[PDB]
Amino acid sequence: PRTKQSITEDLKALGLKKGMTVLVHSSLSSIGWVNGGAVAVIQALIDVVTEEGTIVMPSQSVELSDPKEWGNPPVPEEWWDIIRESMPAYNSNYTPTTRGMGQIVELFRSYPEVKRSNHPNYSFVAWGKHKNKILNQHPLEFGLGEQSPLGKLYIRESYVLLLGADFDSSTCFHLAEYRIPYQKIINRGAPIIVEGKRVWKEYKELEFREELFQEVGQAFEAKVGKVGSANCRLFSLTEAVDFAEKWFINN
């Protein structure tokens, strides 16, 4: 049976260190039965990194979008306007995370000390010393690019711990797309609270290409180890990003 102690240990062996700054992606199952569930993995990462470090996690809520673009699953076209009209606004304090984000994030986002950026689709949660300066501002327009959290991390010596998670979800990559010659700008929409009032606001965002994210990560590796029974790759954010920029450009 995996344990807090077990995991804390496992983590260091991988390379996590006190006072470090990491964006974490993860999967509870991939680790194999832990005595304590997600509260076991969280308390571990928290003991390794220490209050000197900074724990960061994506807490996306992409369901708060225009139903015209939904497809997993779709929804009758006759429901779009009524959906847009009655959709509850985003609120970092309670809007749940998309399912794909995983079980660790859903618990972490309401874990003591953790904070959440105010983006209605691409928010992040942080625990640590630099949680505020990394979430303070998060402009709706271009949720994850310069001025976003994944932007304020590129400027800090930061690492990306993939716990039981592949590269297909190394969100950081997204920053790079904001930095290459190719960029398809699109209007998106999300229910939001402006001046203490609900409003459906449209904004500009990039039409990402996340599929290429595995290929990019692939070529990026061309540390490692195991937390419980999960294949964990621990790299640096700044480097990880830079490569994508090059990968995309020359592609």
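Numbering starts at 1 and runs along the sequence shown.
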Worksheet item: Between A222 and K223, how many deposited residues lack coordinates (none, 1 to 3, 4 to 9, 10 or more)?
Response: 4 to 9
Worksheet, complete the sentence: Of 57-65 vs 205-213, the stretch with the larger average CA B-factor in the entry is 205-213
Practice prompt. Mind pulling up the entry and telling me whether 77-85 or 154-162 has the higher mean Cα temperature factor?
Written response: 154-162
Worksheet item: Once the chain's modelled residues are ordered by C-alpha B factor and cut into thirds, is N35 in the lowest, middle or highest one?
Response: lowest
Practice prompt. Place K184 in the lowest, middle or highest third of its chain's C-alpha B-factors, as listed in the PDB entry.
Written response: middle
Worksheet item: Sorting the chain's CA B-factors, does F173 end up in the lowest, middle or highest third?
Response: middle
Discussion item. Please say which third, lowest, middle or highest, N132 falls into when its CA temperature factor is compared across its chain.
Written reply: highest
Discussion item. Sorting by Cα B-factor within the chain, modelled residues only, which third would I192 end up in: lowest, middle or highest?
Written reply: lowest
